[PDB]
Structure formats: C-alpha cells, structure tokens
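Worksheet for the structure shown next.
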Amino acid sequence: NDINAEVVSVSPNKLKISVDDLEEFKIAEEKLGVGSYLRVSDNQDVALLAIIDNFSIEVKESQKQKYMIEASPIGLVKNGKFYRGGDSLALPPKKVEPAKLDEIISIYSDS
Amino acid sequence: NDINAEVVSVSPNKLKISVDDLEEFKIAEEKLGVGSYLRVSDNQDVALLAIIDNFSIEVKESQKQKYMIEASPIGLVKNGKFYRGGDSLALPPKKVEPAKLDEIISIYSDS
Amino acid sequence: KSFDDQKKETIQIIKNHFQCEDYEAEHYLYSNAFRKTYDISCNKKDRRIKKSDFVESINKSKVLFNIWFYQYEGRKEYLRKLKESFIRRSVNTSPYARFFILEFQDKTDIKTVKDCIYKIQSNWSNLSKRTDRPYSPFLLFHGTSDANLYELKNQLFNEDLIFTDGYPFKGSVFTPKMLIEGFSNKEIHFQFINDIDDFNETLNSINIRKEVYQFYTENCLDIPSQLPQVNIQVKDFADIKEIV
Amino acid sequence: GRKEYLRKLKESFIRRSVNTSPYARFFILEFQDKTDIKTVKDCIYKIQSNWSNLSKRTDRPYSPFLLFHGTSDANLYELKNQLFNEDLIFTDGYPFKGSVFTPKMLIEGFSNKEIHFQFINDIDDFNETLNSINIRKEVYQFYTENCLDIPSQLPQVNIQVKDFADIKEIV
Amino acid sequence: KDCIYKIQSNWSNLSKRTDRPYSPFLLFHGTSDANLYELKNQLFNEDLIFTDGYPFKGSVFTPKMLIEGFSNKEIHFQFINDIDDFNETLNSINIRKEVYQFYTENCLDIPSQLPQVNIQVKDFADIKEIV
C-alpha cells in the first residue's frame, strides 16, 4: 500500500482523517494538498467524496508522525454516479484514498 | 555543524522549526530573527524558502533549551531558480539552515 | 555549418527513432554518439565504417564523457548539465535504497575521495532523530587495492562517520542484514559495500525501491538491467561531487 | 566427589556476584583444539548471563570481556560467527573489514545494553584495551594446561579445571 | 497432558510484564498418529493453544508459525509432529537451542552441534516430576 489514511472523527460537515502510513511520498505533494479531493469508503462501489480543508504533519522523537487531514464531505458516489449531498453519514473508521480523475470529473458531470 | 534546526510541524502556510544545537551564536542574532529567510530542504538542490514570523527560546532547569521558530513557506528553489507560490508540501522533518545571499536575491530577480 | 546550426537537427533524428524523452536523447544519446563518430574519424587507418551496428552501440546504459562538450562550456556547466538530467531531486526525498558506485584508482587522493563521501551522505541521507523512516546511501568503491581501500575506511571512522560493511568482527562471513539495519539505523551514516560479491547479495535482500548511481572514469560494471541505473563518465573523481 | 570439586572451585577464587558492581571483568578461557565449539558456547552464555546487567532499570550497566587462547583462528572465527547468528551481540574493536584495533568500541560496548559481551581476539588487543579502560579491571583465568601471563597490577584469579565443561558451573 | 502442562507452566514465560517471551517446543516419537492427533485435539480444547507449523488443512510445514508462536504470548507452546519437522525447525530458529530429551526405551538421534541432555526414566509419570 502507498497511503493508509483513515477517518478517526466525524462531525456533521467535517471529517478528521489520519494518515497512518505514507509510502509513496508523491501522493502527499499533489493528491493530499489543501484543496485536494478524497474518497472515503469501505468498498469501491459507494463512497463519500470530500475536499480537504486543513492538514497538519507533526513529528517528534519517540512516537510516530501525526499526519492529520481535515476534510468536509461534499457528495456521494454510487457505482460511478455522483450525488451531491451536504450531509451523508459515514460511520468511522473509513479507509481513505485520493479521488481518481473520473470521480472528480463526475462531481460536476452527473448533476 | 553551526546550526541544527529542523521542521517539526507543517501547516498549509506555517512551519514550526526546532533549533536543536545553535553552536554558533552569531547565526541566531542576524540570521534567525523575525523576517529572516530560511532554507528548508533535505538536499542541496531542491529547497523550500520560508520567512521567519515568530520565535521563542525557552530555557528551564534540567531539560534542554527549547528554541522554536514559526516560519511561513514563500516559494521553492529548484537548483538556482526561485518559484513563487509556495504551496508544495515539505514532509517533516526537514533540515533547516539560513538562506544564502543568492537565494534571497533570486526571490525577486527570477519572478 | 555553424555550431548552433546543427544542434537542433541531430536530436530529432534519434528522438523519433527511439521514442524517448528530451533528456534521454540530448544528454544520453547525442553525447554517446559524438565520440563514436569521433572515434572512427580519429582512427589512423579505418575512417569510414558502416552504421548498421552504430545504432546499438550508442544505446548502452552508460552516459559517456564528451571532451568537446567540456572545453566548450567549462566544468561549471557540463557538471551542471548532468546534474539536472539524471540527478533529478524533489522537495521530499523518499526512503529508497540508493547505491553509489564510485571508481577509485591509485592516482586519486583519499582526501578527494573523502570529500565526495561527505557530499553523498549529506544529500542522500535523512538520519533525523524525528524520522519514522530513516534512510542512508550505500557506497561501493572498486578498481583500487584493499590496502588503499582500508585506509579510506579507517580514516572515515576516526572522523565520526560511522558506517557498516557487513563485517562486524574479524572472520565474519558477509552478512547482508547488517547493511539493511544500517539503512534504517540513525546512528549509521552510510553503508560500505566492499566488492561485487558483497554487492549482488545485498540486492537480493532489499525489497524496497532501489536506485544505482555509478560514476566512473574508464571502468564500468554490469549492474542488472531491471534496476534504474545512472552511469556517468567523468575525467577526475572531483567532478562526481558537483553532480551528486 | 565431583560435586565437592565444583563446590570448592566455586568459592575459593570465584565469587557469586562480586557485589554486582560495574567492573571491567575479563574472562580468559583456554580454548583447545580438542574442545568442541558448543561447550564453549554454553560457557560463554553462562558467563554473559551471570556477569552482566543489561536491564533497563539500571543506570550503571556492565558486560563481561571474553578472551580465548591456545586455539587456531579457524575455529575461533567459527565460534564468533556462530554467536552472532544467535543474537548474542558482541564487539572486538573491529567494526569493519580491514580495521585497526579500535579499543573504544570495547569501551562503549561495556556500557551498551544492546552489546551482550566484549570479545578480545588475542594478547595484543588484550593489553591495548587494558590501557583504554580506566575503571577497575579484574581478570579471571580458566585454563587446563596453558595459563596466560597477566600483568601484576590487576586483580587476577587462576583456576585449573579438568576440562572445559566444568568451567560453566564455576561461574 | 500432565507432563505437557508442567513443561508449559515451568519452561515458558508469557506474562504481560516481560518483553522477551518464550515457549517450549514439544516433540513426540514412537507412537501412532491416531493418539498424537487425539492428544493435540484435547490440548486445544482446554485453551492450551499451540502451533505445529500447519495453520490450515493441506498446508506445507511453515516454520515461521513456530518463529512467531515462540514469541507470541497467546501461544502457550509449540508442537512438532515428527523428525523431519524437527530438523527444518532447527534451521529456522536462529537463537540458542537446547534439546531436552526424556525417553524410556528408544532415544532419538539429535544433531551433534546442539546442546543435548538425555534422561532415561522408568515410565512417563516421572517426567512431570523431573521437569
């Protein structure tokens, strides 16, 4: 695996995501930016799509790094079709990957 | 090593830098003040330039001195050329040294 | 024609032929084809040869030195030309197993060799106390006697540049796993591969991404082709410092 | 009897703990060609288990120093290679191939909790690490036929043993 | 079973305080496979969890299960089925090995590089008292 990001907290319009393990080091530069898009799901069929709002990567001596990502859910994908929704609840924990190109295209397309 | 500074936290527009050693005191007076330019990199080729916004050197009884520097990334140096619009992610920890005269000159000359 | 009037013509006839990128033709194929054109031209007897086997001679993985592109723009530009061609760097350097094979011969000073080791270890290692994934480069030196090589290793240890070679004691068989731990050890600055027999055994023990950076003067080795290699020929060993 | 022979030798020269104080303990064992490798290994493991304190609760740790003599380098290096594969981490002042004797590796390994004991190759490195250790040093000799010569300023015990296996329960 | 429980209780330390746990390795010989699997099935019923290197049905012998089960606090001991599984486990173990042999009539052949101790008992009931 290249990225192990995962939802640790759920708010009505806010998502807290922890990157437990980062291997590629290229995903963080482009696909984990300030306004990047994330896919939040436990399966490849139905997912929560969210835009990042904030992040923080803290390192100290003994403990592991704390890569916390702050995102806000914006919609919902069902078998490649995007449904825009302000509030759709994903029960944490949920496995997080960066959104693919066709998923971000689907945000502005299927509406 | 005259200076041993290191990024310990990364925000979208803020870096916290911990000065571990500070062997040469003259670096702190004229190169670690507010508004000074820092070179944030793991190599001598590609770097992140930052402006010192705030600092605090706390000292106590038995623990070591805590010198923390808050800096905001302002751009990117790619083997000589400065690139304005600093939003590229520097994964912490990163070795921090004061910026050279050529790097500060390249901030305004290259743009 | 003029010098500039033939630069923008030689590149495209091999650019479309091999279907590669710009650095893989201007810096990798143009440079190698210049000397093999010059080598048959500077020969005393055989001047004209057939170019049937010329296209496969220039496709070797080695980037050859070019003397005519050294005296033209100086050493401050040719090394700067090679530095952004195959020594591409990023803001974040990933924890990869980087191998630096440098050619050491008897005319090369130990101090000149010592200076490049300090340059390679500084750029290509992040031994930070706050890293969860520290990395250190692997170093291989060849073409020199063991007595001259052991003098370099002894001086590096007295200058507090702690390394590992897979030989923690006298009479030890070569253990790969000390070099793998020294990759992840923050107190071990780099790894010293003694020879080729200890080289190829270390490749099999590494599962993470592996990069090989070879810098030589005349003698180059057979790295396995699946690994990403950079083979750069230079005049003196001191030119290696300005590329890495 | 043999139990009485071991009991006398356990108390005449060797002490049970020597107050468990961090001291430069030197154990000189006479390795012969007739002595098999594994009975040396049991002696080394019993010396290391009894004569070191590498727990994390302590603040003043110590490890024993091991020296062997009377054997060739062929089976000496075989014993050192066998000990390293069993995670009995040692040092002998040769951190890399083609190294000079670096006695300060024996100094840091004495206080290192990750280095279980210190190996010493032969006499010349034994006298070189003697002048590098400043703290109190004691030498324990366990020999069958050849006894080594120890400097007279060090506290030394010399213990004759019938074979090599009876060294294990003495320490 | 009384001998196995005494070996597991005395010669293993799986307390949560330690960070260097260890479990014994158990090998049996001279009996059929029917009462070997009967003994293994009954020990697993009383939550004396062991591994023999066969994590699933139809598995090739995996010594790495015995590598992990030696240091696992939830795995009480290790089982070895017969001679061939014993020899390949020895090559997989890198740490110091000791062979403790208890027999009545027939004694197994052990490699000479290992520390071996041989006990000849009158019957199997004495083995629980000696260990």
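FYI the Cβ positions are ideal-geometry reconstructions off the backbone, even for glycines, and counts take in every protein chain you see. Every read-out reported here was derived from the displayed coordinates using simple, explicitly stated rules and does not represent laboratory data.
With each run of n ≥ 4 DSSP H residues scored as -39500 (n - 2.57), what mean residue ellipticity at 222 nm is computed for the protein assembly as shown after dividing by its residue count and rounding to the nearest 500 deg cm²/dmol? Could you put the intermediate results ahead of the total?
Values: 25 runs with 222 residues, N = 768.
Taking each H run of at least 4 residues, the total per residue is -8000 deg cm²/dmol.
Roughly how far apart, in whole Å, are the Cα centres of the stretch E:1-50 and the stretch C:104-140?
Centre-to-centre distance over Cα atoms comes out at 51 Å.
Specify whether the C-alpha gyration tensor of the stretch D:1-88 places it in the rounded, prolate or oblate class, a ≥ b ≥ c being the square roots of the eigenvalues: rounded for a/c under 1.5, otherwise prolate if a/b is larger than b/c and oblate if not.
Details: a/c = 2.11, a/b = 1.16, b/c = 1.82.
Oblate is the answer for the stretch D:1-88, as a/c is 1.5 or above yet b/c matches or exceeds a/b.
Report, for B:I104, each distance to the same residue's label point in the other copies, shortest first and in nm; define the point 7 Å along Cα→Cβ.
Reported distances to equivalent positions: 3.7 nm.
Within the stretch A:54-77, which residues have the backbone N less than 20 Å from the label spot 7 Å out from B:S11 along Cα→beta-carbon, could you tell me?
Label zone hits: A:54-60, A:66-72.
List the residues whose amide H sits under 5 Å from the amide H of D:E138, counting only those 5 or more places along or on another chain, with H placed 1.01 Å from N in the peptide plane.
So D:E138 has HN proximity to D:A24, D:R25, D:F26.
First check a/c for the stretch C:105-230, with a ≥ b ≥ c the square roots of the eigenvalues of its C-alpha gyration tensor; if it is under 1.5, answer rounded, and if not, answer prolate when a/b is larger than b/c or oblate otherwise.
Since a/c stays below 1.5, the shape of the stretch C:105-230 is classed as rounded.
Can you list the HN-Hα couplings for the stretch A:60-75, worked out from phi with the Karplus curve (6.51, -1.76, 1.60; θ = phi - 60°), rounded to whole Hz and with x for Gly and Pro?
9, 5, 8, 6, 6, 6, 10, 9, 9, 10, 9, 10, 10, x, 10, x
Which of D:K38/E:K64; B:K81/C:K81; B:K95/C:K186; D:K38/E:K97 have a Cα-Cα distance over 20 Å? Mind dumping the intermediate values first?
Values: D:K38/E:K64 25 Å; B:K81/C:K81 15 Å; B:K95/C:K186 15 Å; D:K38/E:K97 11 Å.
As for pairs spanning more than 20 Å Cα to Cα, those are D:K38/E:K64.
Of the trypsin sites (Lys or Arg not before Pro) in the stretch B:67-111, which ones lie in a loop per DSSP and count no more than 16 other C-beta atoms within 10 Å?
Here the trypsin sites (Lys or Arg not before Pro) that fit, given the DSSP loop and packing criteria, are B:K100.
Could you tell me the distance between the Cα centroids of the stretch D:79-94 and the stretch B:1-68, to the nearest Å?
Each part reduced to its Cα centre gives a spacing of 42 Å.
Check which residues have an amide H placed less than 5 Å from E:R96's amide H, if you skip close sequence neighbours.
Close amide H contacts, sequence-distant or interchain: none at all.
Using the Cα gyration tensor of chain D, with a ≥ b ≥ c the square roots of its eigenvalues, what is the shape: rounded (a/c below 1.5), prolate (a/b larger than b/c) or oblate (neither)?
Rounded.
Would you mind checking which residues have amide H under 5 Å from D:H69's amide H? H placed 1.01 Å from N; only 5 or more apart, or other chain.
D:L29, D:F31
Label points 7 Å out from Cα along the Cβ direction at D:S12 and A:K81: separation in nm?
9.7 nm
Springs between alpha-carbon atoms under 10 Å, Gaussian network over chain C: tell me which of C:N126, C:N219, C:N231 tops the mean-square fluctuations.
Residue with maximal mean-square fluctuation among C:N126, C:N219, C:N231: C:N219.
Which GluC sites (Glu not before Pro) does the stretch C:170-244 hold that lie in a coil by DSSP with at most 14 other beta carbons within 10 Å?
C:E187, C:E218
Using each residue's phi in the stretch C:133-150, evaluate 6.51 cos²θ - 1.76 cosθ + 1.60 at θ = phi - 60° and report the 3J(HN,Hα) Karplus result to the nearest Hz, with x for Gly and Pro.
For the stretch C:133-150, the Karplus curve yields 9, x, 9, 9, x, 9, 10, 10, 10, 9, x, 10, 5, 5, 5, 6, 6, 5 Hz.
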